[PDB]
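Take a look at this one chain, the form deposited in one PDB entry, written out in C-alpha cells.
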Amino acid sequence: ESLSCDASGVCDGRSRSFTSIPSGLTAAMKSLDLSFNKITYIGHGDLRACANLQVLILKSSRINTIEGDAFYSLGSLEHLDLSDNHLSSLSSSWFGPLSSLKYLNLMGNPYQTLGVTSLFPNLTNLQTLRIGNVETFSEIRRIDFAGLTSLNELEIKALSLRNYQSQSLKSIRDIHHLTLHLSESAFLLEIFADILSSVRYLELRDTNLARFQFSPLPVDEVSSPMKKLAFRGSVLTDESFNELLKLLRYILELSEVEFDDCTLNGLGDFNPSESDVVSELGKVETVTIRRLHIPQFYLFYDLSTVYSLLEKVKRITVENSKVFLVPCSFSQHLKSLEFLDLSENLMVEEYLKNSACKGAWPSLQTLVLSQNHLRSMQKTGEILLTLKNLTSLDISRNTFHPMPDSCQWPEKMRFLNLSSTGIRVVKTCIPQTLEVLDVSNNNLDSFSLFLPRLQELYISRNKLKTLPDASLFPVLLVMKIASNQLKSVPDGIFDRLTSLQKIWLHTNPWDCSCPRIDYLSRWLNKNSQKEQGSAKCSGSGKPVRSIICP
C-alpha cells in the first residue's frame, strides 16, 4: 500500500501492488526498489523529483512501455535493474542521461533484438551489462556494443540466437567475465573469434556442442588475455571435445578450465591421429570438473591422449560425478599433479588401492576424499603410503568404523581432516607428524592425544564438557572448540598455551558468576584480538566480558 523509506534514503516499495510509480518521490531518496509490482507504464515525469537517486530496482513488475525521457533526471543513477519485465523494444533514449550507470540489467524481457540504435554509447562508466532472454532474443548486431570500451561483466542470454553478425563483440576492448547462453554450436566459432583480444574469462552455458566442428579462425596472431574458460551445462561427444580443444591454439595463456553439469557421450570416437590435439593444454594448470555424466564405460578406452593432455596440470577436481575409480595407469601419468579433489564420489578402500598404486600421482601434495564411501582409517592410510609426497589428507564426511590404536600414514602428512566422520573417540591412529587436525562435528567426549607439533586443533561441534589438557598442545597456535558444552576453563590455563593466537569459544553454556569465570572473563576482555566470535554467558545473552566482584 505504501513506500517504506529510512533515514539513509533507502526506500523499499517491493511487492506492494502498485500500478504505477508512486508519487511523493523526493531529492533525498538514494535507493528506490519498486520490484515485483504491477507498473505497466512509466511516464515522462514519474521519476523527475528524485535527482539524487543512485539505485533504481524495477525487477519483475510488469513494465511494457517506458517513455524515452523517463530517466532524464537520474544523472547519478549507478544501478538500474529492468530485468524480467514486458519490454518488447528497447530505447537508446533511456540511457542518454545515465552517465553514472555502472550496472544495467535488461535481461528477461521479450525483445527480439537490441533495436536499430546503439543503446549503450553514453554509458561511459558501465561495468555490468546483462541482456537477452531464453525464447526470443535472436540477433546480435554490429551496432549493439558500440561505445563500450571495457566491462567487468557482460552476460548475453541468447538460447534462441538465430543470427550473430561477425565483428559485433569485437569493438569492446576489455571484458573480464563474458557469460554466454547458447543452445547450439551454430555461431561459437565467430563469437570466439571476436573476443580473442578482450575476454579474460569466458563462460558458456547450456550449449549442445555435440556437433561442433573447428576450422581455423580468419584472425591475426594476437596475444589473447583469456585465463579461464568455463562450460556449464554442455552436451559433448568424444569427437566434438577434440574439436573444442583446437581452440586452445588461440588462447595461449589459458590456465584454468571448468566443466560443470556437462554430459559426455562420445559415440564414434575420433581416429585421425593428425587432427588430434594432444599435449595441448598448453599452460592449463587447473582442470575443474563438477557433476559430469558419462553414459557407460564398457570397452577399453585408451587415455594415451588424456595422459599426454593432463601431463602438466597441477590441480584437478572431479567432484560429485559418481567416480568409483581412477585407474593406476592414469594416476601414474599425472606427473605434475599437486592437488586432487574427488569430493562427493563413490570411492571405497577396495578401489582406492588401485587408484593410489606405486607410481601414482608422484608429486601429489594434497588429496581430498571428503564424502565418499571409505569406512576404515587403518586401510585408507595404508593404501596411501604409496603417496610419498602427501602432506594433507581430507577424509571428512565419511562414516568410519572406530579407529584402531596403530596406523600408518604417509610420512610427510601434516594436515588431516576427520570432520563429520562420526567418530566417538580419538586414538593413536592419528599420527604425531600432524600440524593440523580437524575433528569437528563428531561424537567426542574428550581429547587425550599428545600431538607435539599440533599448530591447530578444530574440535568444535562435539560433546566435550572440559577443555582438553593444555600439555597436549605445546606449540598450539589455534584452537577451535565452539559448540561444545563447556561451562568453564581452569584458572590461568592460557598461560600454559604459550603460542595461542586464535581461539573459538562461542556457543558454549558458560557459567558466569563471581567465584568462577573471573579468569576467563578478564582474559577474554584483554585478549579481544585472540577470541574469534564471542562467548556469551548462559542465563543472559550478555557476553562473557562482565567485570565481577571487587
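Definition used throughout: the rigid core is the maximal C-alpha set that superposes within 1.5 Å between two forms. Residue numbers here begin at 1 and follow the sequence given.
*Asks:* Mean Cα B factor from the PDB record: higher for 316-324, or higher for 207-215?
*Replies:* If you average the C-alpha B-factors of 316-324 and of 207-215, the larger mean comes out for 207-215.
*Asks:* Between 13-21 and 526-534, which has the higher average C-alpha B-factor in the PDB entry?
*Replies:* According to the entry, 526-534 carries the higher average C-alpha B-factor.
*Asks:* Out of 363, 240, 265, 370, whose C-alpha atom has the biggest B factor in the entry?
*Replies:* The record points to 265.
*Asks:* Can you pull the Cα B-factors for 63, 57, 514, 70 from the entry and say which is highest?
*Replies:* Comparing C-alpha B-factors across 63, 57, 514, 70, the top value belongs to 514.
*Asks:* Tell me, lowest, middle or highest third: where does the Cα B factor of residue 271 rank within its chain?
*Replies:* Highest third of the chain for residue 271's C-alpha B-factor.
*Asks:* Can you tell me which third, lowest, middle or highest, the CA B-factor of residue 411 falls into for its chain?
*Replies:* For residue 411, whose C-alpha B-factor we compare with every modelled residue in the chain, the answer is the middle third.
*Asks:* Ordered by C-alpha B-factor within the chain, which third holds residue 132? Give me lowest, middle or highest, please.
*Replies:* Answer is lowest: the recorded C-alpha B-factor places it there.
*Asks:* Where does residue 330 sit by CA temperature factor within its chain: lowest, middle or highest third?
*Replies:* CA B-factor rank for residue 330: middle third.
*Asks:* Would you check the entry's CA temperature factor for residue 381 and let me know if it's in the chain's lowest, middle or highest third?
*Replies:* As the PDB entry reports it, the C-alpha B-factor of residue 381 lands in the middle third of its chain.
Separately, the form deposited in another entry exists; it is not shown, and the next lines address it.
*Asks:* If I align on the rigid core, exactly one of 273, 150, 406, 117 should have its C-alpha move by 2 Å or more between this form and the one not shown; which residue is that?
*Replies:* Going through each option, the one that shifts is 273.
*Asks:* Using a rigid core superposition, assess whether residue 305 undergoes a CA shift of 2 Å or more between this form and the one not shown.
*Replies:* Yes; that C-alpha moves by at least 2 Å between this form and the one not shown.
*Asks:* Any chance the CA of residue 294 moves 2 angstroms or more between this form and the one not shown, core superposed?
*Replies:* Superposed on the core, residue 294 moves its C-alpha 2 Å or more between this form and the one not shown.
*Asks:* Between the shown chain and the other structure, the Cα gap of residue 273 to residue 312 differs by 3 Å or more. Is it closer or farther in the other form?
*Replies:* Their C-alpha distance shrinks by at least 3 Å in the other form.
*Asks:* Hey, the CA atoms of residue 289 and residue 278 end up closer or farther in the other form than in the shown form, with the change being 3 Å or more?
*Replies:* Their C-alpha distance grows by at least 3 Å in the other form.
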